[PDB]
Structures are given as structure tokens and as C-alpha cells.
Amino acid sequence: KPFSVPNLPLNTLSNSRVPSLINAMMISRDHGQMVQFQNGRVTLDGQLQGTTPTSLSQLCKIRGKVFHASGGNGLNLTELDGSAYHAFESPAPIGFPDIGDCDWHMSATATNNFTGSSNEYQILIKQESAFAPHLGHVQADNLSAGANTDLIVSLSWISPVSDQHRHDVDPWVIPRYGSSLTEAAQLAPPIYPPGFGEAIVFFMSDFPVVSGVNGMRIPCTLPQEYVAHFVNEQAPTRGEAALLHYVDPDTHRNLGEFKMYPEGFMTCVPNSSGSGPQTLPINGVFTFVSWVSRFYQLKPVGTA
Amino acid sequence: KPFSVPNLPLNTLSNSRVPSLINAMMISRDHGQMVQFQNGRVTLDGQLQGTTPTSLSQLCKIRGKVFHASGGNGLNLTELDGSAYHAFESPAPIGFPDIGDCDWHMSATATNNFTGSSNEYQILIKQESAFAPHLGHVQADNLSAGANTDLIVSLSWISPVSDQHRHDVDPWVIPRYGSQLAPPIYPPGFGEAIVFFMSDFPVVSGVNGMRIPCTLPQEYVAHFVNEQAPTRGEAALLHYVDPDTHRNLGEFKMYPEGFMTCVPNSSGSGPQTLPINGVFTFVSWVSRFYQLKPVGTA
Ligand SMILES: OC[C@H]1O[C@H](O[C@H]2[C@@H](O)[C@@H](CO)O[C@@H](O[C@H]3[C@H](O)[C@@H](O)[C@H](O)O[C@@H]3CO)[C@@H]2O)[C@H](O)[C@@H](O)[C@H]1O
């Protein structure tokens, strides 16, 4: 299989960290020096990493059996298909949200004999001591479902930590999957802008975020539909970087040069400390040009 | 350019009518006589039909500005990116849910200055006279948001119609958009049955319980829209293959209109007994005359 990227306009594709349409590209010197997102993580040759699903249907979802304990109610986690989650292996079940150091307001439904609004639960997952998805359990506040009830849970909105240790939401940080007790195993690796003057390209989507450092915006490193594409093709990586053009869909005019690294993320060079890809139209298409050296100097993108 | 289907296990893919993992395949001698789903509709050469999005991020969502009326408040619809929705182009905004003749229990959030639980609204959309998706407005009960508030709404669960004209939910039926639709699909003959990819979904009193049928995995839609492979025959012959063992588990024909058929053994359950972790693989272009080996138990 020759390497390719989807011929789909960027603004028809999803964020890989929340189920929301991409509406912007951005670079961030402050937040973009190192990222370790666990969702939207895949190699150019199709190797899934972290908690990354193939399908958006699994993204920002939790499944578990309800427990009632002295310390609070919560979920003994399963995979979304109900199959057993193997603790102390993956950071969390596949599709588990990777937005750290904030409150998750979520919606849960009974997977068995759903009768209506009494089988829908608005719950709050805090990232405190009892948040231990790597050990196979999280505590949920305002969870009234009976013990051993099987629940599928969707992320509704995120807000600053209940315990008031910070007053804003940083979507650039990932959860402590093993709580204070352990670093989680099989984390997708840290990513850094590799090349000369290069900045990691973040695909931005709007999401209900209370007091976001970037407002109601969530960054990711790859459109979700790109993940399914790479997992499908399993195309061999034949060079150090894939040179892409971001092209006008109608004229095929090259609007900018980007490098995709084997680690499954994309860089650009901004125009003399400009906003880089932020000023580009969002209806464009990425197109594979050739395999290039990691040293390949990208022509600056965007306005000065 | 050679036609292909995604080399991805079905159980890792989504329904194209609800955002839920595929957990079964089925045929139906009652429900599969005619289908006209508006989501999961695409040609094998990659032409989107009905309200079908490329991305699951657009599926089963509604966006609109709140209006207040004496008959009931509601939404003047936009597309999900917030751009204006025009009638006469499509049956409804892209990704508009296509589960007919039932109550839609939905969660709306403010797209501007989201403050928390006071900008999250649990609303009810009935399919009655004030349901006008084609015109670009729907009535919503239990909606307290201010006039002209921009809301993005997702489907939470479905239940029997409020006006009680029926006491079950049939997810095989599509909504009345007005008086543009992706065309009807029929079984083409010789015992060929339309394959339905089933996903679990909160459904109160479902005719098939808590199950939603579609004709394509969502990720197949994005694949065809990407590839745009010329259709070179009357049907794409597929093998449903164990990705480990590489063993052919059964034969299927995918038609240019973007649906699959199989032939059940002795009027049995057809693909229902097959494992759900298999992958479809393109074998060749065949004629309508190609007779599929029967699949399943009797
Ligand atoms: O502050 C971040 C949290 O905001 C929201 O929760 C807050 C909300 O539930 C209000 C409702 O009045 O209560 C807050 O707790 C207060 C409490 O009201 C005071 O009496 C007490 O002295 O202080 C506490 C904490 O400062 C509560 O924080 C969201 O729902 C949460 O997810 C957080 O984002």
C-alpha cells in the first residue's frame, strides 16, 4: 500500500479527543513543546496507541458496573462492548477521555431494560484519589443507579476541579490514570516538534468547556477519520517524514507545506512568529506529496 | 482505481444512524422489504445521499437558534458548523436523526459562553405537526433557554410517541421531513436479504428491543467518499473473513447504491450467527446473476 492521507475536507472531519467537527488549526509555543494525548494516537503505518479507538463511537465513552461503597458510588470499568478491561495494561479502556485535571459532567444510560428518564443518570467524575481507571475503577458523584447496573456513559461537559486546586480547565493535560499510586503502563509516548523552526499543528473543535485556558476549544493532533484510514491501509513508512500539501479543494492550489512524522502527528513552520495555519481556510484537503528527510525545511505557512 | 472496503473489524466500527459500536448483523423478512434510511447513505463511488455526514461527529445531532412560541418553544435549525440551513437542497440539516415516529430525548448545550449545568438542557422533540425539519424548525418541550440562544443538541434516548398513537418504537421507519430523500432500497431477488448492521441504543419499547439497524458502518461512508473508486460491475462480491484465521465465513454482494445483501440458509437467521469481529474484503465485480452461497444456520 502506498502511503496516503484521506481526500476529505478538514471541516467535514472530527476531533480525535472529543466528538466534535474540526473548525480551526492552531500552533501554540506555550502548549506545543510537548504533548502526550492518549486519544487520536496512531502511527502512519496504522498502529493504534494509548486509548485511541478506530471509531468516534468509542471516543469519550465509559462503560462499567455500578458499585456502592463507604467512600462513594462508582464504576468497575469494562470495554465499551462489555468485554473485560484488563487493569495494569492499557492506560484505561479504549475511548476513555484523556482530558486531565478537570471535572467530567457525563450522561449514563442503562444497557439492560432501558425504561426512560429513570435509566438516564447525570453524573460527575472528579479526578481525585478514587479516579483510578488504570486499576479498573472510578468514583462517580450523583450516581443513583443500583449496584451492579451496567451503564454506558458519554462526556457531556468539563469544568474546573471540584476540590478548587485550580479555577480553569487545561485541555493540553492528560489524566493520572493510576491516581497518585502509579504511572500508567502503555501510555502513548510524548510528542515534540522535531524539525527546524517547526510547531505541532493542533486540530481544534468547540466543546462545552467552563473556564477553558483556550475557551470552549479542544486541541488534538489528528482528525479521527485519519486514524481509521491509517489502521485500514497499514501503508509502510518509507521515509523520515511525509511532506503534505494543504490544497484548495476546487483549484488544487497549494496553501501550505506540512510534515507528518511516523509517530502520527503533523508540523509546520509559521511565517516569522505568525499564527501559522490559523489563517488558512478549513475546507482544505491534506495530500501526500513525497517521503522527505527529517531535515526538510518547510516553507513558512500563514501570515507574518 | 480499485474499489475496496475498510480492512477493519466490524465490532470496532459504528452504526451510521446512532453513534454506537456495531454488535450484530441481521436480516428481517418484515423490516427488510423496503428501507429508506437518510443516514448511512452513500454510493460505492463515494456520493453522500440524504442527510449522511462523512463524520460521526455530525451524526444524530441538531443545531439551531431558540424561538419562543405560544404553541411551544423550539429551534430554527442551522447546520452543525453553525452555517445557515436552506430547504430544497436536502431533507434536513446534515446528520439530522432519521429514526421516525418516536419521541427524541436530547441534551442541548450553549455554543456561546457555556457556564455549566444552566447551559445544559434535557429537551423532548415530538414528531407531531410542529416537526418541520425540511422547512428548518422543530418544536422542543422542556426548553427554558433564552430566545435566539445557539444550541448544539445530541440524541440521548428514544421512546414511544407522546400522543400515544402507537406504544412501541420502530427504528426501521424514517421521519416525515415535509410534503431530496435518499431513494428506497429493495431486496433485488432470489432470496437476497438486505444486511442490517445492529448497534445497542437506549430505546424504550423497541420492536427489536434496544437495537438500531443501518445499511453501512459509518467508517465505510468516509472510506468511499475518500476513495471514489469507479463502480465496475452490478455488485461488489465481498468475503466476510476472520482476520486471524483468514478463513472465508460467508459471501455478500454490495450494490452500487451502498447496501449489502446475503442469502440465508433455509430461511434462517442469515448473518446473525456469524462472529462480529470479522472484516469484509472485496473479491471482484460480479453480475446481478451471481448466486451467493447461503450463509448462516437454517
Ligand atoms: O468550582 C468548580 C466547580 O463548579 C461547579 O460546582 C460548584 C457548584 O456545585 C456550586 C453550587 O452552588 O457549589 C460549589 O461548591 C462550593 C459551595 O457552594 C460552597 O458552599 C463551599 O463553601 O465552597 C464550595 C467549593 O468552592 C461547586 O464547586 C461544577 O459543577 C463543578 O464540576 C466544578 O467545576
# chains A, B, ... in the order shown; residues from 1 in each chain; ligands from 1
>>> residues_around(residues="residue B:79", least_positions_apart="6", cutoff="10 Å", atoms="only C-alpha atoms", output="VMD selection string")
chain B and resid 58 61 to 64 85 to 86 92 to 96 136 152
>>> interface_residues(of="chain A", to="chain B", cutoff="9 Å", atoms="only C-alpha atoms", output="ChimeraX atom specification")
/A:6-8,11-15,18-21,23,53-58,80-81,105,107,109-117,119-120,156-159,206-211,215-216,224-225,228-229,231-233
>>> closest_residue(among="A:71, A:95, A:171, A:160", to="residue A:48", atoms="only C-alpha atoms")
A:95
>>> atom_distance(atom1="atom CA of residue B:97", atom2="atom CA of residue B:52")
9.6 Å
>>> closest_residue(among="A:64, A:236, A:136, A:212", to="ligand 1", atoms="only C-alpha atoms and all ligand atoms")
A:212
>>> residues_around(residues="residue A:278", least_positions_apart="4", cutoff="12 Å", atoms="only C-alpha atoms", output="NGL selection string")
:A and (23-28 or 201-204 or 256 or 268 or 270-271 or 274 or 282 or 301-304)
>>> residues_around(residues="residue B:195", least_positions_apart="2", cutoff="7 Å", atoms="only C-alpha atoms", output="PyMOL selection string")
chain B and resi 25-27+193+197+215+260-262
>>> write_last_selection(atoms="N, CA, C and O atoms", output="PDB file, in the first residue's frame")
ATOM      1  N   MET B  25     -25.091  -8.401  13.157  1.00  0.00           N
ATOM      2  CA  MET B  25     -25.688  -8.312  11.803  1.00  0.00           C
ATOM      3  C   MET B  25     -27.030  -9.042  11.850  1.00  0.00           C
ATOM      4  O   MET B  25     -27.141 -10.010  12.612  1.00  0.00           O
ATOM      5  N   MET B  26     -28.013  -8.596  11.076  1.00  0.00           N
ATOM      6  CA  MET B  26     -29.300  -9.317  10.968  1.00  0.00           C
ATOM      7  C   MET B  26     -29.922  -9.075   9.592  1.00  0.00           C
ATOM      8  O   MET B  26     -29.555  -8.099   8.907  1.00  0.00           O
ATOM      9  N   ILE B  27     -30.825  -9.977   9.221  1.00  0.00           N
ATOM     10  CA  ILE B  27     -31.790  -9.815   8.103  1.00  0.00           C
ATOM     11  C   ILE B  27     -33.178  -9.822   8.737  1.00  0.00           C
ATOM     12  O   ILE B  27     -33.284 -10.279   9.881  1.00  0.00           O
ATOM     13  N   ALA B 193     -31.345 -10.976   0.899  1.00  0.00           N
ATOM     14  CA  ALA B 193     -31.899 -10.162   2.002  1.00  0.00           C
ATOM     15  C   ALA B 193     -30.932  -9.012   2.302  1.00  0.00           C
ATOM     16  O   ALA B 193     -29.704  -9.258   2.305  1.00  0.00           O
ATOM     17  N   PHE B 197     -26.648  -3.788   9.920  1.00  0.00           N
ATOM     18  CA  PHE B 197     -25.629  -3.680  10.988  1.00  0.00           C
ATOM     19  C   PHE B 197     -26.335  -3.096  12.205  1.00  0.00           C
ATOM     20  O   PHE B 197     -26.900  -1.993  12.107  1.00  0.00           O
ATOM     21  N   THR B 215     -27.562   0.266   7.202  1.00  0.00           N
ATOM     22  CA  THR B 215     -27.169  -0.489   5.983  1.00  0.00           C
ATOM     23  C   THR B 215     -25.653  -0.426   5.763  1.00  0.00           C
ATOM     24  O   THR B 215     -25.167  -1.213   4.930  1.00  0.00           O
ATOM     25  N   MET B 260     -25.711  -3.866   1.302  1.00  0.00           N
ATOM     26  CA  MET B 260     -25.194  -5.250   1.229  1.00  0.00           C
ATOM     27  C   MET B 260     -26.379  -6.220   1.256  1.00  0.00           C
ATOM     28  O   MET B 260     -27.385  -5.919   1.924  1.00  0.00           O
ATOM     29  N   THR B 261     -26.261  -7.347   0.560  1.00  0.00           N
ATOM     30  CA  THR B 261     -27.200  -8.485   0.692  1.00  0.00           C
ATOM     31  C   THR B 261     -26.412  -9.757   0.986  1.00  0.00           C
ATOM     32  O   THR B 261     -25.196  -9.815   0.691  1.00  0.00           O
ATOM     33  N   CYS B 262     -27.107 -10.720   1.573  1.00  0.00           N
ATOM     34  CA  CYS B 262     -26.689 -12.133   1.679  1.00  0.00           C
ATOM     35  C   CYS B 262     -27.916 -12.988   1.366  1.00  0.00           C
ATOM     36  O   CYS B 262     -29.018 -12.408   1.198  1.00  0.00           O
TER      37      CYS B 262
END
>>> closest_atom_pairs(of="chain A", to="ligand 1", cutoff="7 Å", atoms="only C-alpha atoms and all ligand atoms", output="tab-separated table")
residue	atom	partner	partner_atom_place_in_ligand_line	distance
A:103	CA	ligand 1	32 (O)	4.9
A:105	CA	ligand 1	32 (O)	6.8
A:124	CA	ligand 1	32 (O)	6.9
A:159	CA	ligand 1	34 (O)	4.0
A:160	CA	ligand 1	34 (O)	3.9
A:161	CA	ligand 1	34 (O)	5.2
A:162	CA	ligand 1	33 (C)	4.3
A:163	CA	ligand 1	25 (C)	6.8
A:164	CA	ligand 1	1 (O)	5.9
A:167	CA	ligand 1	2 (C)	6.7
>>> closest_residue(among="B:198, B:145, B:181, B:35", to="residue B:50", atoms="only C-alpha atoms")
B:181
>>> decode(residues="stretch 146-286 of chain A", atoms="C-alpha atoms", output="tab-separated table (two decimals), in the first residue's frame")
chain	number	residue	atom	x	y	z
A	146	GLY	CA	-28.45	0.36	41.67
A	147	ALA	CA	-25.33	-1.74	42.48
A	148	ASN	CA	-24.11	-3.90	39.51
A	149	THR	CA	-26.18	-1.84	36.94
A	150	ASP	CA	-24.34	-1.92	33.54
A	151	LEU	CA	-24.01	1.73	32.30
A	152	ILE	CA	-22.71	3.31	29.04
A	153	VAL	CA	-21.51	6.89	29.83
A	154	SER	CA	-20.98	9.87	27.43
A	155	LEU	CA	-18.99	13.05	28.18
A	156	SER	CA	-21.44	15.99	28.32
A	157	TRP	CA	-19.20	18.88	29.52
A	158	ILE	CA	-15.99	19.63	31.52
A	159	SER	CA	-15.41	22.27	34.26
A	160	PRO	CA	-12.72	23.25	36.82
A	161	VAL	CA	-11.79	20.67	39.54
A	162	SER	CA	-14.41	20.32	42.35
A	163	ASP	CA	-11.60	20.50	45.01
A	164	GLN	CA	-10.72	24.12	43.90
A	165	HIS	CA	-6.92	23.39	43.49
A	166	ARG	CA	-7.22	25.33	40.13
A	167	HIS	CA	-10.04	27.54	38.68
A	168	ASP	CA	-9.53	26.88	34.89
A	169	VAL	CA	-9.55	23.81	32.54
A	170	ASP	CA	-6.30	23.00	30.63
A	171	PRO	CA	-7.25	20.58	27.79
A	172	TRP	CA	-3.48	20.14	26.96
A	173	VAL	CA	-3.01	17.89	30.09
A	174	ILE	CA	-3.90	14.13	30.34
A	175	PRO	CA	-5.35	12.28	33.39
A	176	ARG	CA	-3.29	10.47	36.06
A	177	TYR	CA	-4.79	7.07	35.07
A	178	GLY	CA	-3.08	5.30	38.04
A	179	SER	CA	-4.07	8.10	40.53
A	180	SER	CA	-1.20	9.11	42.96
A	181	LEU	CA	-0.34	5.35	43.33
A	182	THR	CA	1.44	4.61	39.96
A	183	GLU	CA	2.36	5.93	36.49
A	184	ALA	CA	0.06	4.08	33.98
A	185	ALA	CA	1.60	1.48	31.58
A	186	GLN	CA	1.33	1.60	27.72
A	187	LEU	CA	0.91	5.45	27.56
A	188	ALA	CA	1.25	6.77	24.01
A	189	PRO	CA	4.67	8.49	24.00
A	190	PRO	CA	5.45	12.21	24.44
A	191	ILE	CA	5.46	14.14	21.13
A	192	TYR	CA	7.75	17.09	20.26
A	193	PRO	CA	8.14	19.37	17.13
A	194	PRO	CA	11.19	17.60	15.57
A	195	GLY	CA	12.45	19.82	12.70
A	196	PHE	CA	13.91	23.32	12.04
A	197	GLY	CA	11.57	26.13	13.31
A	198	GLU	CA	8.69	23.57	13.43
A	199	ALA	CA	5.46	23.75	15.51
A	200	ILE	CA	2.97	20.85	16.05
A	201	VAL	CA	-0.37	21.52	14.24
A	202	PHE	CA	-3.39	21.17	16.60
A	203	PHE	CA	-6.84	20.47	15.09
A	204	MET	CA	-9.32	22.49	17.24
A	205	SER	CA	-13.03	21.71	17.90
A	206	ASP	CA	-15.57	23.58	20.08
A	207	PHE	CA	-16.83	21.66	23.16
A	208	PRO	CA	-18.79	22.75	26.29
A	209	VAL	CA	-15.76	23.73	28.49
A	210	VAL	CA	-16.26	26.01	31.56
A	211	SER	CA	-13.25	28.40	32.01
A	212	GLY	CA	-11.02	26.76	29.35
A	213	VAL	CA	-7.44	28.17	29.02
A	214	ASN	CA	-8.39	28.25	25.25
A	215	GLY	CA	-12.14	28.89	25.91
A	216	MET	CA	-14.58	26.24	24.55
A	217	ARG	CA	-11.82	24.68	22.33
A	218	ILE	CA	-10.16	21.21	22.49
A	219	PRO	CA	-6.87	20.54	20.61
A	220	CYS	CA	-5.89	17.13	19.08
A	221	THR	CA	-3.02	16.06	16.79
A	222	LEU	CA	-5.03	14.15	14.18
A	223	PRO	CA	-8.54	14.03	12.70
A	224	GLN	CA	-10.30	10.82	13.91
A	225	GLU	CA	-11.10	9.74	10.33
A	226	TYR	CA	-7.27	9.87	9.65
A	227	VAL	CA	-6.91	7.22	12.44
A	228	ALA	CA	-9.38	4.78	10.75
A	229	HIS	CA	-7.62	5.46	7.38
A	230	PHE	CA	-4.07	4.60	8.69
A	231	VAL	CA	-5.37	1.50	10.61
A	232	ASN	CA	-7.08	0.42	7.31
A	233	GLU	CA	-4.17	0.99	4.85
A	234	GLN	CA	-1.27	-0.18	7.10
A	235	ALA	CA	0.93	1.54	4.46
A	236	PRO	CA	4.72	1.09	5.06
A	237	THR	CA	6.66	4.17	6.34
A	238	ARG	CA	9.34	4.59	3.59
A	239	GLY	CA	10.94	7.84	4.91
A	240	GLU	CA	11.60	10.02	8.00
A	241	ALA	CA	8.65	12.39	7.25
A	242	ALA	CA	5.69	12.59	4.80
A	243	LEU	CA	5.61	16.00	3.00
A	244	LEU	CA	1.92	17.09	2.68
A	245	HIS	CA	0.31	19.98	0.78
A	246	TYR	CA	-2.87	21.56	2.26
A	247	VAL	CA	-4.70	22.23	-1.06
A	248	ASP	CA	-7.74	24.28	-2.14
A	249	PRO	CA	-10.35	21.55	-2.85
A	250	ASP	CA	-11.55	23.26	-6.13
A	251	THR	CA	-8.29	24.61	-7.73
A	252	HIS	CA	-5.76	22.20	-6.07
A	253	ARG	CA	-3.66	25.29	-5.22
A	254	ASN	CA	-1.01	24.55	-2.55
A	255	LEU	CA	-1.96	26.71	0.50
A	256	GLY	CA	0.92	25.35	2.66
A	257	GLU	CA	3.59	22.66	3.31
A	258	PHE	CA	3.39	20.30	6.36
A	259	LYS	CA	5.43	17.27	7.54
A	260	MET	CA	3.69	14.21	9.08
A	261	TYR	CA	6.10	12.16	11.26
A	262	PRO	CA	5.80	8.35	11.64
A	263	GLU	CA	4.52	8.97	15.25
A	264	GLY	CA	1.23	10.14	13.61
A	265	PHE	CA	1.35	13.96	14.07
A	266	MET	CA	1.94	16.96	11.77
A	267	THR	CA	4.21	20.08	11.97
A	268	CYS	CA	4.50	23.38	10.03
A	269	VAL	CA	6.91	26.39	10.16
A	270	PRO	CA	4.99	29.61	10.99
A	271	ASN	CA	5.78	32.81	8.97
A	272	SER	CA	8.22	34.78	11.28
A	273	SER	CA	6.37	34.08	14.62
A	274	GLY	CA	2.93	34.35	12.89
A	275	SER	CA	-0.27	32.34	13.74
A	276	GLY	CA	0.88	29.77	11.10
A	277	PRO	CA	-2.04	27.56	9.91
A	278	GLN	CA	-4.70	29.57	11.90
A	279	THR	CA	-5.40	31.93	8.89
A	280	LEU	CA	-5.79	29.03	6.36
A	281	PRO	CA	-9.37	28.20	5.24
A	282	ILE	CA	-10.72	25.00	6.99
A	283	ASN	CA	-12.36	23.49	3.84
A	284	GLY	CA	-8.97	22.35	2.51
A	285	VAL	CA	-7.59	18.82	1.90
A	286	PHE	CA	-4.21	17.38	3.03
